[PDB]
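>>> Opening piece of the complex, as it sits:
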Amino acid sequence: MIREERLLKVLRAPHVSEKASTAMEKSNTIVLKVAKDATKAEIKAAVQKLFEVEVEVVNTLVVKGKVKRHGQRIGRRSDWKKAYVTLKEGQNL
């Protein structure tokens, strides 16, 4: 059992894109930006407790930040974790 304090720190944002939109209307799946240290179990616990929906399986990947230039000074965006969270048959978010 995971503390609610920990479950409130693993979901950062819903990820908005065409692939996220397509996944939500085709494979009843929600795409979330999650904490980089979050586990599949913690994501599957947090979504169920904070959105009151039934989760089938969590798929996760780590997005490597891009090297960007801002006034001929090289910089790097932070790496973040993306969660493909598959809900059951009829739940809706």
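In hand now; what should we look at? Numbering: from 1, shown residues only, chains lettered A, B, ... in the order given.
>>> where's stretch A:69-84 relative to the chain centroid, distance-wise?
18 Å (C-alpha atoms, centre = their mean, to the nearest Å).
>>> cool, and stretch A:60-71?
Chain-centre distance of stretch A:60-71: 17 Å, with C-alpha atoms, centre = their mean.
>>> How about stretch A:56-71?
Going by C-alpha atoms, centre = their mean, the spacing between the C-alpha centre of stretch A:56-71 and its chain's C-alpha centre is 11 Å.
>>> List the buried residues for it?
Across stretch A:56-71, burial judged by 16 or more other C-beta atoms under 10 Å covers residue A:58. Every residue, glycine included, has its C-beta placed from N, CA and C.
>>> measure it end to end?
One end of stretch A:56-71 sits 46 Å from the other (C-alpha to C-alpha, to the nearest Å).
>>> just stretch A:85-93 next, same as before
11 Å.
>>> Run through who's touching it.
Residues outside stretch A:85-93 that contact it (C-beta atoms under 8 Å, 6 or more residues apart in numbering): A:24, A:27-32, A:43-44, A:47, A:51, A:53-59.
>>> Out of the residues you listed, which sit inside strands?
Judged by DSSP state E, those include A:29-32, A:55-59 as members of strands.
>>> With respect to residue A:8, which of those is nearest?
Proximity of the ones in strands among the contacts of stretch A:85-93 to residue A:8 was ranked by C-beta to C-beta; the top entry is residue A:32 with 13.8 Å.
>>> here's chain B, drop it onto the model above:
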Amino acid sequence: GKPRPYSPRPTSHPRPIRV
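Okay, here's chain B dropped in alongside the others:
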């Protein structure tokens, strides 16, 4: 000014030997 000179590079012809 002048750029740093190159290390030795291949030479097309032998220096003539005078002896």
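>>> In light of the added chain B, please revisit the contacts of stretch A:85-93.
A:24, A:27-32, A:43-44, A:47, A:51, A:53-59 (C-beta atoms under 8 Å, 6 or more residues apart in numbering or on different chains).
>>> can you tell me how far residue A:49 sits from residue A:1?
Distance of residue A:49 to residue A:1, given as C-beta to C-beta, to the nearest Å: 11 Å.
>>> neighbour count winner among those two?
residue A:49 (12 against 3; other C-beta atoms under 10 Å in any protein chain shown).
>>> which residues does that one contact?
Residue A:49 makes contact with A:4, A:7, according to C-beta under 8 Å, 6+ apart.
>>> re earlier: type out the PyMOL command that picks the buried ones from the contacts of stretch A:85-93.
Only the buried entries of those go into this PyMOL selection, using 16 or more other C-beta atoms under 10 Å in any protein chain shown:
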select buried, chain A and resi 24+28+29+30+31+32+43+44+47+51+55+58
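>>> now the residue lying farthest from the centre of chain A: how far from residue A:82?
The outermost residue of chain A relative to its centre, with distances by C-alpha atoms, centre = their mean, is residue A:72 at 32.8 Å. As for residue A:72, its distance to residue A:82 is 31 Å (criterion: C-beta to C-beta).
>>> How about residue A:42?
To residue A:82, residue A:42 is 15 Å away according to C-beta to C-beta.
>>> and residue 17, how many neighbours?
You didn't pick a chain, so chain A it is. Number of residues near residue A:17 (other C-beta under 10 Å) recorded here: 10.
>>> not what I meant, chain B
The number of residues packed near residue B:17 is 5, by other C-beta under 10 Å.
>>> Also, this goes in as chain C:
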Amino acid sequence: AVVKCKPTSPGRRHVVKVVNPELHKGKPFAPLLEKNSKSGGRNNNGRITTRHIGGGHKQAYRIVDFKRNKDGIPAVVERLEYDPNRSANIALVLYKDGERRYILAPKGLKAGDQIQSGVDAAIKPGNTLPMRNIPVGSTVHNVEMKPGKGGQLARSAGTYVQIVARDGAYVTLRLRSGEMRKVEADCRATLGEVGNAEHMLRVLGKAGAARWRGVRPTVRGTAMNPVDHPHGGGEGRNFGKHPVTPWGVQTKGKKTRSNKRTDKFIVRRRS
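Chain C added:
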């Protein structure tokens, strides 16, 4: 048997091979196998300390019994095996209590023949007695130098030791070198001669055959520059130096034995 190859290729013309058909064609006895990775003549500093060592065929080490401590229990020779670690052939022997061991294969010893070690052992080849229980004039191999240490003298192909004289607690041994050395009477020897005496009649025939046995080329001192070797240098073939090792020590007759601890056991040198 010593068989000459036919000159079908130039590298086979001079080849003389020792074809022994009484050798186990199958795999060796696994329980008495250890790995022994090669050195390339390099020590724990990673430096070449013995030149001309490297490559050659991968070899597993056969745990050979040189001690022959298992006394009173009769042993039958199962098969003669090829051993890549030594010039001698080795015999796989089965004692009457189940235990199997490798021994140096003495001349004559075949499969079926019975061997036995100890004080009351019979006087026949393969049998290992303490040398005070072996008659004077006998021919022996796998001779211990200290009681219980295991055989160190006369292990190589066709080698043997003659027990010439027994005096008190010591026996005098004529070694293959021609040396007369004293050893403790208690020290164990195996009767007979070490087999595979035709081992010296082999002609490797080509450079590669040496490279198979793990020997790398010897470069002559006189072929080098002075910086590399005392014999180095010269316009054309020159020498004009007393022959020396790569390290300046004279190499054509200079005695290098310096062991005052073991001098007392030497009755007469080879000279």
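>>> once more on the contacts of stretch A:85-93, with chain C this time?
Stretch A:85-93 is contacted from outside by A:24, A:27-32, A:43-44, A:47, A:51, A:53-59, using C-beta under 8 Å, 6+ apart.
>>> Now for residue A:46, how many residues are close by?
26.
>>> let me redo that: residue C:128
Residues near residue C:128, counting by other C-beta under 10 Å: 27.
>>> That one and residue C:151: what is the separation?
As judged by C-beta to C-beta, residue C:128 and residue C:151 stand 8 Å apart.
>>> what touches both of these two?
In contact with both residue C:128 and residue C:151: C:68, C:142, C:188-190, using C-beta under 8 Å, 6+ apart.
>>> biggest separation within those residues, which pair?
C:68 and C:189 (9.3 Å).
>>> Of these two, which one has the most company?
With neighbours defined as other C-beta under 10 Å, residue C:68 and residue C:189 compare such that residue C:189 has more, 29 against 26.
>>> Now do the most centrally placed residue in chain A against residue C:94, distance only.
Geometric centre of chain A, nearest residue: residue A:32, 2.4 Å, by C-alpha atoms, centre = their mean. As for residue A:32, its distance to residue C:94 is 72 Å (criterion: C-beta to C-beta).
>>> same deal with residue C:236?
65 Å.
>>> and the residue nearest to the centre of chain A, how far is that from residue C:176?
Residue A:32 sits 85 Å away from residue C:176, going by C-beta to C-beta.
>>> Now residue C:267: phi and psi?
Here the main-chain torsion angles of residue C:267 (degrees, to the nearest 10) amount to phi -80, psi -50.
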